[PDB]
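Notes follow once the structure below has been shown.
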Amino acid sequence: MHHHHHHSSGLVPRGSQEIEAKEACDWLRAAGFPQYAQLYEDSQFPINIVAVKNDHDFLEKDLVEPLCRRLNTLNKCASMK
Numbered sequence: 001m002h003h004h005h006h007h008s009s010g011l012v013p014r015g016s017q018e019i020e021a022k023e024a025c026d027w028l029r030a031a032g033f034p035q036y037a038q039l040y041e042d043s044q045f046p047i048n049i050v051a052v053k054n055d056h057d058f059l060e061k062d063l064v065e066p067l068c069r070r071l072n073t074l075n076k077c078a079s080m081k
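Counted from 1, the sequence shown has number 17 at position 17 by the entry's author numbering; the numbering is strictly sequential.
See the structure below:
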């Protein structure tokens, strides 16, 4: 394994954040946790995410990961700048 071995990944958030936002909240309900989204409308989205994914979200680990994506996504768009 030569030193020329790695896996980089760019980042393009600022853009689809719009469609991602509406989905993020509309996804939490489809994922099985409509309790979270309910916060979006309240704007209480930005908060200790990590402590949240643990707080309630405990069903399926594959459902915990994406949960950090939407929350982390809206948590930014929920700032209304």
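Where a beta carbon is used, it is the ideal one built from N, C-alpha and C, also for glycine.
If you draw a straight line from the C-alpha of residue i to the C-alpha of residue j, how long is it?
i: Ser-43; j: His-4; result: 45 Å
i: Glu-65; j: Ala-37; result: 16 Å
i: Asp-62; j: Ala-31; result: 10 Å
i: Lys-22; j: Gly-10; result: 23 Å
Determine the DSSP secondary structure at residue i, reduced to helix, strand or coil.
i: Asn-48; result: coil
i: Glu-60; result: coil
i: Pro-66; result: helix
Residue i: which of the options sits nearest, CA to CA?
i: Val-12; options: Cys-25, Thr-73, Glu-41; result: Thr-73
i: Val-50; options: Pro-34, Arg-29, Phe-33, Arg-69; result: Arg-69
i: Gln-35; options: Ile-19, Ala-21, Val-52; result: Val-52
i: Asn-75; options: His-56, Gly-15, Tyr-40; result: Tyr-40
Taking Cβ positions, are residue i and residue j nearer each other than 9 Å?
i: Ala-24; j: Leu-59; result: no
i: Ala-78; j: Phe-45; result: yes
Would the C-beta of residue i count as close to the ligand NAP, meaning under 8 Å from any of its heavy atoms?
i: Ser-43; result: No copy of the ligand NAP appears in this structure; indeed no ligand is present at all.
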